[PDB]
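Colleague: let's see this in three dimensions:
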Amino acid sequence: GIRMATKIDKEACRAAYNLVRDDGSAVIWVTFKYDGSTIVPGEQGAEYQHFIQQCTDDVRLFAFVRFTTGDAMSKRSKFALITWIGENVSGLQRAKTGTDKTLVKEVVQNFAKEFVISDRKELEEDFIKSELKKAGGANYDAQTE
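Modeller: Numbers count the residues shown, from 1 in each chain. The relevant structure is shown in the block below.
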């Protein structure tokens, strides 16, 4: 039947993870694809304009992106596990995604939070910055200097 005996290609996914993890890697975004019963590496890049193009219709995709946030007297950086699920994909597939987030999360343990997107307007990095600030944390105080 269908038993919970799924996997991840930790070494192939670690390869792209290792790059995106570095603040000096020109590659800032990677995608994680699926095969047989495992998560696998996908495309990679440095510019998010091409990310927009790559979001397809019914296929469910995941991404790992290095994202700079956290405001202090020193830089901070994060990673955002993104899940693409269009409105066309039936819930039976979303059920896999719902029990597969744990799998890719075992690779992507080096992260800050995850995000879920289904529309191009929802995919745009501009409001995602402030959304990641809200979901991140904030402060507004400036004295004792």
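Colleague: quick one, longest helix in this structure?
Modeller: Among the elements of the chain assigned as helix by DSSP state H, the one spanning the most residues is helix 91-107.
Colleague: any idea what the nearest residue to residue 29 once chain neighbours are set aside is bridged to?
Modeller: For residue 29, the nearest residue in space outside its immediate sequence neighbours is residue 65; the separation is 4.4 Å by CB to CB, 6 or more residues apart in numbering. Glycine gets a C-beta too; all of them are placed from N, C-alpha and C. For residue 65, the residues forming beta bridges with it (DSSP bridges) are residue 29, residue 80.
Colleague: list the contacts of residue 65.
Modeller: Contacts for residue 65 (CB atoms under 8 Å, 6 or more residues apart in numbering) come out as 20, 28, 29, 30, 48, 51, 79, 80, 82.
Colleague: after the longest helix of the chain, next one along is what?
Modeller: Where DSSP states H and E defines the elements, the next helix or strand beyond helix 91-107 is strand 113-117.
Colleague: related to what we said a few turns ago, show residues contacting the longest helix of the chain.
Modeller: Residues from elsewhere that reach helix 91-107 (CB under 8 Å, 6+ apart): 4, 6-8, 10, 13-14, 17, 32, 34, 38-39, 58, 60, 62, 81, 83, 85, 111, 114.
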